[PDB]
């Protein structure tokens, strides 16, 4: 149904061959933030059938209003709902601790992931994303110790499922991370980009991380500007897609949602594709590998 993932030095293996998959990221799961209406089994089914998506990413809010801190069971439920649907539809599912300062609530993240590990640890579909987007923060002094603690907790329960760690400066500093990898099994590192804002320079940093023996994973990328607005940068988008395809980098487009911003796949209150949506759909359906 779904081949298990393993990280061997530089790349991610699905079963026994180097592979990469394309997918979608839901918007914030926070109560009242709109994206939550897409955390349904019906939507996941639509991505597998209509889009041919192989990945669905649950972006669980943590410290903002309506997030996991304010409503734990409420948010935990939307995630479980999406993961169960992904498992049923032969797709990979990323459970993401959608934070910008995760080091602030370490025990909370540990509590959450232990439960998720116990519940989903044996299905080859689940992937853990323990720190969405770290800011101007040190890798070795802030992100690494936090990540190691969480990974330690997970690994005690689930010894082999892929864990993805956020990198400094909006998950752009993957080179900085490669110079001080985490000594653990099946760990990947996140890279986030927005084709309307980031280019070849960010691609070079990625190349450097790849050269140092670290496997990357694009848990979030936009065809539009970093603030989620502006138009689609067609050229940069293509260049980025070729880069990921070449290096077998899995990716999740941000976000299958209908907020009134360029990054959304649908126009407000509709299933009518935006410029971004049409583009990403084409990208997702012609991807070389499927879950």
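Numbering follows the first chain given and starts at 1.
Of the two stretches examined, 31-39 and 243-251, the record assigns the greater average C-alpha temperature factor to 31-39. Averaged over Cα atoms, the B-factor as recorded in the entry is higher for 103-111 than for the other of 160-168 and 103-111. Between the residues 55, 69, 226, 59, it is 69 that shows the highest Cα B-factor in the PDB record. Sort the modelled residues of the chain by CA B factor and residue 120 lands in the highest third.
Among the modelled residues of its chain, residue 256 has a C-alpha B-factor that falls in the middle third, as given in the PDB entry.
Placement of the Cα temperature factor of residue 22 within the chain: lowest third of the modelled residues, per the deposited record. Compared with the other modelled residues of the chain, the Cα B-factor recorded for residue 195 ranks in the lowest third. In this PDB entry, residue 175 carries a Cα temperature factor that places it within the lowest third of its chain's modelled residues.
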